[PDB]
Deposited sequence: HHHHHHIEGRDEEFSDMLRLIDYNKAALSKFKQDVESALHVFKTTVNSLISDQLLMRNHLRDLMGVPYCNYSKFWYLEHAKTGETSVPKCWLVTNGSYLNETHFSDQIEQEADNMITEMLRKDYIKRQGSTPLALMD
């Protein structure tokens, strides 16, 4: 069946996207952990170096800065990256549609 072959093509596209989303999530977890470690060490350095004491903080808060973005310090204990977890709401709706179709 040509019908069967087209369903298989759709299934491959769906599976390749799901695997790529998982792979990107895994990669970003490694990047996030690494960048957070650099933030922690940079803060630890700053706290142990008296020659840096006169340097002011920019006091630019996270969200305003993300929308608007030396000098002054930009990195603070508010700079840590949170985990990235991609929504599967669309894929879940597709899965619900398939279960229904399957008669």
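Absent C-alpha positions map to the deposited sequence ranges 1-11, 81-87, 122-137, in order along the chain.
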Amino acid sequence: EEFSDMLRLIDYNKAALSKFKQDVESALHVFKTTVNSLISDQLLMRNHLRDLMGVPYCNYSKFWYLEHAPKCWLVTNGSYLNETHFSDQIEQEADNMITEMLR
From here on, numbers count along this sequence of modelled residues.
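As recorded in the PDB entry, 94-102 is the stretch of 3-11 and 94-102 with the greater mean C-alpha temperature factor.
Look at the mean CA B-factor for 34-42 and for 56-64 in the entry; the higher one is 56-64. Across the residues 69, 27, 72, 75, the deposited record lists the maximum Cα B factor for 69.
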